[PDB]
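One structure is given here, and the rest of the page talks about it.
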Amino acid sequence: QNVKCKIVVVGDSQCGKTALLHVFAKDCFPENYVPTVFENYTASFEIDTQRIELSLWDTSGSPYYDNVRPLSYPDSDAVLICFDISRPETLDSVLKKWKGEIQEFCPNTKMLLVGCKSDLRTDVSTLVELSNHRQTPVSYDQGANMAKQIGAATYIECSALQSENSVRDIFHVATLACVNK
Amino acid sequence: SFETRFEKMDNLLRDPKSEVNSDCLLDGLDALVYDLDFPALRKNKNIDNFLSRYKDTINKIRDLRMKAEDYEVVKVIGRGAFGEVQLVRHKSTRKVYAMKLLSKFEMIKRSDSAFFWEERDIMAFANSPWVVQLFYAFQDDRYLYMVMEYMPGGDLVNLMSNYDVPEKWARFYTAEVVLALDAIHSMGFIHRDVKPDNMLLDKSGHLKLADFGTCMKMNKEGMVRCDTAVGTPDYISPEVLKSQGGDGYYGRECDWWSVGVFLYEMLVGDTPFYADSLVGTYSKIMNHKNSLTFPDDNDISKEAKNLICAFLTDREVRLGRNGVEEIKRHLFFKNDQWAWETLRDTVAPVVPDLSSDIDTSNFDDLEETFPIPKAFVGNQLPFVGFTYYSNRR
Ligand SMILES: Nc1nc2c(ncn2[C@@H]2O[C@H](COP(=O)(O)OP(=O)(O)OP(=O)(O)O)[C@@H](O)[C@H]2O)c(=O)[nH]1
Ligand SMILES: Nc1ncnc2c1ncn2[C@@H]1O[C@H](COP(=O)(O)OP(=O)(O)NP(=O)(O)O)[C@@H](O)[C@H]1O
Ligand SMILES: [Mg+2]
Ligand SMILES: [Mg+2]
């Protein structure tokens with residue numbers, strides 16, 4: 001039987017978790033947002049000639065579910081903590097909540113900071129809006145200078161929306177977090 | 001007709017570039033009588049009353065063909081993948097070459113029973129002053145051997161740690177690489193493992209390359225198809241990387257990127273995509289448009305930071321995409337000190353300090369086996385045709 005690693009995704013609501021697991025495991029971007037809860041995408045990847053089998057877990061970011069989301073951590077191989085690059089609000093949150101809730105249920109499992117919606121960093125609209133709060137989108141450095149402060153293995157970005165490869169380049173990086181072990 | 005038969009034939013036992021020059025047919029048999037000399041196999045009278053036929057000459061022979069202990073050894077100046085590399089003096093010829101050893105058993109376990117044949121061709125046939133000459137290539141039962149001209153200068157890493165490289169210098173060592181690459185491109189190939197660990201220095205101070213495992217003759221149109229990642233991970237191309245499991249298909253812009261990452265390790269001291277993790281140094285590379293960054297230095301000349309950023313970038317944009325020439329033309333190789341066809345002609349930037357025929361001052365210092373064939377394995381197999389000597393005028 002081919003090698004099989006398990007992968008969980010947590011993150012503030014609407015940061016684009018389900019935008020990306022759906023792009024990678026179903027080859028199309030989701031037309032209508034729906035607050036996922038649990039959901040089990042079934043993908044497949046390839047490192048150097050050989051197949052790893054991927055079992056992906058999409059979740060809720062809504063506190064309403066703080067009580068149930070942790071039923072997916074048990075015995076993971078690698079977890080993806082997420083943030084919306086177009087709202088610094090959600091990164092001061094990959095620290096408050098997610099470092100702690102991951103540190104405590106899947107403690108012996110590689111974790112991995114991923115910044116979504118990167119294509120909004122150069123949209124005159126989500127800047128014009130982030131300034132009306134004395135805010136300003138997440139810069140790569142703001143990103144990693146966080147990840148290496150919470151203990152992630154690497155920090156990486158991706159436009160879940162614009163170029164398909166930016167997402168493949170993610171499940172490539174994280175297949176390796178499972179298997180390299 | 002008929003003469004041009006026993007003709008076109010004989011000049012095919014001398015032709016070294018041939019699959020069957022005498023030295024290879026030897027290599028053949030020798031490696032077979034190794035794979036039948038078993039009690040297990042001789043219960044069959046074919047093997048037994050044939051290996052009987054050839055005992056008293058198969059011995060008389062391994063006795064002659066450049067056997068391994070024809071060389072006594074000095075220091076060992078390199079361990080690596082499959083076994084080590086030692087500085088040897090020929091017990092008879094008194095000449096000093098630099099022998100590469102390949103662990104046969106461990107080379108079929110790691111399932112790489114042929115990654116070297118291009119390193120045989122290249123090293124022995126690309127007569128070049130950029131390439132490390134392959135003088136003799138012989139095998140025995142347990143290992144392989146490649147006797148190479150010795151390079152007393154050391155790798156480029158021995159340098160970057162013992163000096164604090166200036167731009168005057170990074171102009172030199174770089175453009176001497178650029179040349180030794182457009183060498184290996186127009187010799188037909190592509191390197192792929194391009195690091196300071198693989199750059200050596202002749203006693204003259206100038207440069208040569210060795211290690212050609214990774215190489216690969218380009219197809220008709222100049223590209224290559226390959227779904228496996230290759231080379232050290234600091235210097236790895238982004239195309240060669242994201243190929244690991246995928247329709248990977250790259251040209252030679254993948255040696256070029258590797259060079260920018262080197263013009264960087266030289267002028268800043270650390271690599272541009274460093275990170276704690278095997279997987280962490282891969283994610284810095286992926287996000288290159290965003291993760292590449294020079295420290296609080298503007299003494300990095302405008303047009304050097306500016307070259308680094310022309311190599312370190314997407315492949316369709318990458319400098320050298322449209323000619324090995326637009327590289328030699330960079331505003332960064334301006335100098336009253338030379339133009340190009342005279343480079344390895346000039347005088348080194350740092351010239352090796354050697355005491356004797358074999359001073360390894362620039363170098364630092366450093367038995368498993370097989371399973372007895374039940375039936376017939378065929379182990380010693382695609383290790384045949386590998387022998388090659390010199391004699392050829
Ligand atoms: N530009 C851009 N927009 C995105 C991206 N990802 C998601 N979006 C938009 O943002 C909305 C949020 O996406 P989802 O991933 O489905 O929501 P979620 O992150 O799963 O939030 P949950 O309810 O907690 O599951 C989607 O309707 C998309 O329209 C992205 O990568 N780039
Ligand atoms: N012809 C030579 N003359 C002097 N030193 C050499 C020569 N060939 C190899 N070396 C030394 O051996 C080291 C590595 O050589 P190499 O045979 O390429 O090992 P390797 O198995 O390729 N390592 P890896 O990159 O993991 O595959 C170099 O850094 C040199 O220091
Ligand atoms: Mg959702
Ligand atoms: Mg090496």
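No Cβ is skipped: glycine too gets one built from the backbone with ideal geometry, and neighbour counts run over all protein chains shown. We did not get these values from a lab; they are worked out from the coordinates using the rules stated.
Rounded to whole Å, give me the distance from the Cα center of segment B:153-204 to that of segment B:125-142.
About 20 Å separates the Cα centre of segment B:153-204 from the one of segment B:125-142.
Is the shape of segment B:1-115 best called rounded, prolate or oblate, per the rule: a/c under 1.5 gives rounded, else a/b larger than b/c gives prolate, else oblate, with a ≥ b ≥ c the square roots of the Cα gyration tensor eigenvalues?
Taking the square roots of the gyration eigenvalues as a ≥ b ≥ c, segment B:1-115 is oblate.
Taking only the alpha carbons of chain B, what extent do you get along each of the three principal axes, in Å, biggest first?
Principal-axis extents of the Cα atoms in chain B, largest first: 78, 53, 50 Å.
Residues of A:144-154, mean number of Cβ from any other protein chain within 10 Å of their own Cβ, rounded to a whole number?
Counting other chains' Cβ atoms within 10 Å and averaging over A:144-154 gives 3.
Can you bin segment B:117-190 into rounded, prolate or oblate? Criterion: square roots of the alpha carbon gyration tensor eigenvalues sorted a ≥ b ≥ c, rounded for a/c under 1.5, prolate for a/b above b/c, oblate for the rest.
Here segment B:117-190 falls in the oblate category.
Could you tell me the extents of the protein assembly as shown's C-alpha atoms along the three principal axes, largest first, rounded to whole Å?
Taking the Cα atoms of the protein assembly as shown, the three principal extents are 88, 72, 53 Å.
Rounded to the nearest 0.05, what FRET efficiency is calculated for B:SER186 and B:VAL377 with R0 set to 51 Å and r the Cβ-Cβ distance?
0.80
Going by the alpha-carbon gyration tensor, a ≥ b ≥ c the square roots of its eigenvalues, is chain A rounded (a/c under 1.5) or, if a/c is not under 1.5, prolate (a/b greater than b/c) versus oblate?
Note, shape of chain A comes out prolate.
Looking only at other chains, what is the average number of their beta-carbon atoms within 10 angstrom of each beta-carbon in A:49-60?
Whole-number average of other-chain Cβ neighbours for A:49-60 is 1.
How large is log10 of I(q)/I(0) for segment B:308-393 at q = 0.15 Å⁻¹ when the intensity is taken from the Debye formula with one equal scatterer per alpha-carbon?
Listed by q, the Debye log ratios stand at -0.95.
Just tell me how shielded A:166-176 is by partners: mean number of partner chain Cβ atoms within 10 Å of each residue's Cβ, no decimals.
That works out to 4 on average.
Return an integer: the convex hull volume of the alpha-carbon atoms of segment B:155-353, in Å³ per residue.
Residue-normalised Cα hull volume stands at 126 Å³.
Label point 7 Å out from B:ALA40 along Cα-to-Cβ: which residues of segment B:109-124 have amide N under 16 Å?
Label zone hits: B:109.
Averaged over all directions, how much area does the convex hull of the C-alpha atoms of segment A:42-111 cover when projected, in nm²?
6.0
Once both labels are modelled 7 Å past Cα along the beta-carbon direction, what's the B:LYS91-A:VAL124 spacing in nm?
Calculated label separation equals 8.2 nm.
Cα-Cα over 20 Å: which of B:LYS242/B:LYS302; B:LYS45/B:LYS67; B:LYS75/B:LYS104; B:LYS43/B:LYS374; A:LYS110/A:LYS148; A:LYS4/A:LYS96?
With Cα atoms farther than 20 Å apart: B:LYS242/B:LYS302; B:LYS45/B:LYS67; B:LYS75/B:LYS104; A:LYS4/A:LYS96.
In deg cm²/dmol, rounded to 500, what helix-only [θ] at 222 nm does the protein assembly as shown give when every DSSP H run of at least 4 residues adds -39500 (n - 2.57) and the total is split over its residues?
The helix-only estimate for the protein assembly as shown comes to -8000 deg cm²/dmol at 222 nm.
Restricting everything to alpha-carbon atoms, can you work out Rg to Rh for segment B:66-184 with a Kirkwood hydrodynamic radius?
Rounded to two decimals, Rg over Rh is 1.01.
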